[PDB]
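This document starts with one chain, in the form deposited in one PDB entry, laid out as structure tokens.
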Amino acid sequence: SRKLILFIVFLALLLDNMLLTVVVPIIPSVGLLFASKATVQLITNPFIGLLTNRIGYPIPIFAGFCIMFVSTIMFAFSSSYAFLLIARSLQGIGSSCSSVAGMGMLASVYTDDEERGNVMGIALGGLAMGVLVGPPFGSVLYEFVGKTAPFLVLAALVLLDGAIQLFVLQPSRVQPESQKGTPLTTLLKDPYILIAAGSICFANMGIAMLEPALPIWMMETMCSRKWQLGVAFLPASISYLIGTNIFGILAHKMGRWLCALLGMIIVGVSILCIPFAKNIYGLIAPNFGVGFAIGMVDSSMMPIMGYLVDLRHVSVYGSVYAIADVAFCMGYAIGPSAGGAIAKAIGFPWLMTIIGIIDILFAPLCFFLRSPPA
């Protein structure tokens, strides 16, 4: 059925993101390792995009379990920096495979735009939920048992997920797609695919510049307590969960172009409002708005990728969702380091204001998605 595939993609994304996050609080126990996974995923996304059109979705969505499970074990038994880096790179390839192949399969199964909206919303809700229950899970287990409890529990969990894969997807038989998909070059030459991918990129780059540089600006102006840095962003996750689980539904009613436009403005007018907050209490509302609007944008531009592909090019979703994932991961690849560097160069408030201005100025470019020609 289709709901089984939806649940399998949801659980895959959830477990992959629990892993990306769980590792965060264990690494201090600092260089390019934090972005190794993201940049490796950015490298290996288009390859899965072209591979899903050559061998099918199952085999390259099941290769997620076989690879992420190896990472979750390699992290469980990591001693040197080289082992940690190769484990994070293997995770990155696993997250690629899972995200690209799973979103492509969700697009190829739910062939109606209205239902594809809700399905992509639910999958991104899986992403958000995994990110939300990640740091808790890891820490709790790290403090109560040791540095190997979270990784072994997630190994068991991805093993169960891979069993569901083997007994639902049946990747035993290779199966090429029905028609030759449009080459990635032509897809990237289109203006509307570029606009949607750019919207997702800019939104996620704003978040990924905010997150690892807000504790820095906090410990020097607010003098917040140690645990305050943890709650300083939990509103963003919770709001992203809410937004990307409800707007996958609300967007096709409101109009995906309008949802994305309003989505980015809200991102802009919230990120711009972060530097004006002086105390942790005043930091909540703009962070909530940031998360809510990032969800507004993501759940509304993820269906529109497959929609534009169905409306303009041939109906093969591997390459276009590889493009959208590249958009995503560009943020968590470049944004953290570049934002830290810019904050050290000019200043964190000016960096957040630049991000906000760029987002508010780029938002009106989403009106071009009101009615694209065929």
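Counting begins at 1, following the sequence as shown. Rigid core here is just the name for the largest C-alpha set that superposes within 1.5 Å across the two forms.
The discussion below concerns the form deposited in another entry, not included here.
- For the listed set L152, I242, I280, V133, the sole C-alpha moving 2 Å or more between this form and the one not shown on a rigid core superposition is that of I280.
- After superposition on the rigid core, displacement of the C-alpha of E220 between this form and the one not shown amounts to 2 Å or more.
- After superposition on the rigid core, displacement of the C-alpha of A345 between this form and the one not shown amounts to 2 Å or more.
- After superposition on the rigid core, the Cα of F233 moves by 2 Å or more between this form and the one not shown.
- The pair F233 and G130 approaches in the other form: their C-alpha atoms are at least 3 Å nearer to each other than in the form depicted.
- Relative to this form, in the other form the C-alpha atoms of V231 and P135 approach one another by 3 angstroms or more.
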